[PDB]
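A.B. asks: Provided hereafter are the protein sequence and its experimental coordinates.
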Amino acid sequence: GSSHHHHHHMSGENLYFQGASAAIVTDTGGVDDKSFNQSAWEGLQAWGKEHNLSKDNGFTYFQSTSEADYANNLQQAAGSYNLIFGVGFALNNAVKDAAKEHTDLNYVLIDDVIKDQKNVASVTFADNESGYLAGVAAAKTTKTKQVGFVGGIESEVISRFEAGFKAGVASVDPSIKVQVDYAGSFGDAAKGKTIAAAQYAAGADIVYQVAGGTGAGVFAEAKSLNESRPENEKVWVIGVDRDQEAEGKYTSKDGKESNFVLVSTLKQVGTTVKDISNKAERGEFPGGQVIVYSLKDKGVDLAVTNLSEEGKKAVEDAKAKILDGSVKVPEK
Ligand SMILES: Nc1ncnc2c1ncn2[C@@H]1O[C@H](CO)[C@@H](O)[C@H]1O
Ligand code: NI
Ligand code: NI
């Protein structure tokens, strides 16, 4: 206001900001998946730090034992939390039902859309765009002209990554074969190891793992092979969701210390959890809206860790073309 004029002096002790309590309900994969759920949890604990809270005293996570536990975890969360995040497309139905029972609480679904509910916000990522960049990187590195893709669960969500990745490989050299296999789970490391073993054995020298915690198996396999080979004969893993450079550390047969993580796609789930938690606490929750994070707003990106300069150039060129609209990346 230009002028106020009628005013009273208020003491700082008598202004107060009402806090929110925010919880994430995570899928089979856990808060220690080194990727999707860990990004969400790192974001919530950053938000907790900023608001002077601790685990189970203003923020927490509920690990879901199975699909049946989604509803039970959301109901438990409604006991003490007024902003509740369902982390993963699979929580769609359970979040819709919980939001109808508790119209006074706010709900966020990550990686899928719920429509026509004033107390639900939906968050999606253009993982096709980051996958494309990963494809360009892979195409510019593969010596065997074969690369692997290990998906978690067949879905709109993982199909975005797969379509982007194939389009990205094809944009550089369509002669490169892309072996695709799904694990049927985001929390099955042993299946990730088996699938990686076969993709590498069949002559893939790079595997992109888009399977959350299942990906720990892909890392374990690549490490095993690379530990029993010369440095210059190593096989690569592409990281997902977080920068997974740290998981790529090994000692070759040769005795050289090295890293088998080529690049990582980034998905800023943690940043989204923190920003929406702050909006919820300020009484500006984006209920009923669909928030789309893409390459332009850096909600997805590629970390170019151990890529060659030729690869880094091809990634920067592809990135610019996606941002300007010259390349439209397929979603299926
Ligand atoms: N536990 C999970 N539940 C649902 N989707 C998941 C889970 N872990 C990973 N994903 C999906 O797989 C992608 C690659 O890890 C993530 O960006 C996310 O879309
Ligand atoms: Ni004023
Ligand atoms: Ni007055």
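C.D. replies: On my side now, so go ahead. Residues are numbered from 1 along each chain as shown. Ligands and ions are numbered 1, 2, ... in the order given.
A.B. asks: For residue 180, grab phi and psi.
C.D. replies: phi -110, psi 130 (degrees, to the nearest 10).
A.B. asks: pretty sure it contacts residue 162?
C.D. replies: Yes: contact criterion CB atoms under 8 Å: residue 180 and residue 162 qualify, at 6.3 Å. Every C-beta, even on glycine, is put in place using the N, C-alpha and C of the backbone.
A.B. asks: what is in contact with the two at once?
C.D. replies: Residues touching both residue 180 and residue 162 by CB atoms under 8 Å, 6 or more residues apart in numbering: 149, 151.
A.B. asks: Comparing those two, which residue is more hemmed in?
C.D. replies: residue 162 (22 against 14; other CB atoms under 10 Å).
A.B. asks: List the contacts of that one.
C.D. replies: 131, 149, 151, 180, 210.
A.B. asks: if you set the cut-off to 10 Å instead, what comes out?
C.D. replies: 127-128, 131, 149, 151, 154, 178, 180, 182, 208, 210, 330, 332 (CB atoms under 10 Å, 6 or more residues apart in numbering).
A.B. asks: would residue 31 count as being in a helix?
C.D. replies: No: read with DSSP: H, G, I helix; E, B strand; the rest coil, residue 31 is coil and lies in no helix.
A.B. asks: quick one: the closest residue in space to it that isn't next to it in sequence from residue 55, how far?
C.D. replies: Nearest non-adjacent residue to residue 31, counting by CB to CB, 6 or more residues apart in numbering: residue 41, 4.1 Å away. Per CB to CB, to the nearest Å, residue 41 is found 10 Å from residue 55.
A.B. asks: shared neighbours of the two, anything?
C.D. replies: Common contact partners of residue 41 and residue 55 (CB under 10 Å, 6+ apart): residue 61.
A.B. asks: doesn't residue 61 make contact with residue 76?
C.D. replies: No: counting by CB atoms under 10 Å, residue 76 does not reach residue 61; the two are 11.4 Å apart.
A.B. asks: Neighbour count: these two, which is higher?
C.D. replies: residue 61 (22 against 15).
A.B. asks: List, one by one, the residues from this protein near ligand 1.
C.D. replies: 27-29, 33, 35-37, 88, 90, 111, 127, 152, 157, 186, 210-212, 240-241, 267 (CB under 6 Å from any ligand atom).
A.B. asks: follow-up on the earlier one: hang on, the residue nearest to residue 31 in a helix?
C.D. replies: Yes: membership of residue 41 in a helix is supported by three-state DSSP.
A.B. asks: doesn't residue 22 make contact with it?
C.D. replies: No: Residue 41 sits out of contact with residue 22 when judged by CB under 10 Å, with a separation of 11.5 Å.
A.B. asks: Need the residues touching each of those two.
C.D. replies: Contact criterion CB under 10 Å, 6+ apart; residues shared by residue 41 and residue 22: 59, 60, 273.
A.B. asks: Phi, psi for the first one please.
C.D. replies: Here is the backbone geometry of residue 59 (degrees, to the nearest 10): phi -150, psi 150.
A.B. asks: That one and residue 81 touch, don't they?
C.D. replies: Yes: using CB under 10 Å, residue 59 makes contact with residue 81 at a distance of 8.1 Å.
A.B. asks: Identify the contacts common to the two.
C.D. replies: Common neighbours of residue 59 and residue 81, using CB under 10 Å, 6+ apart, are 20, 21, 22, 23, 24.
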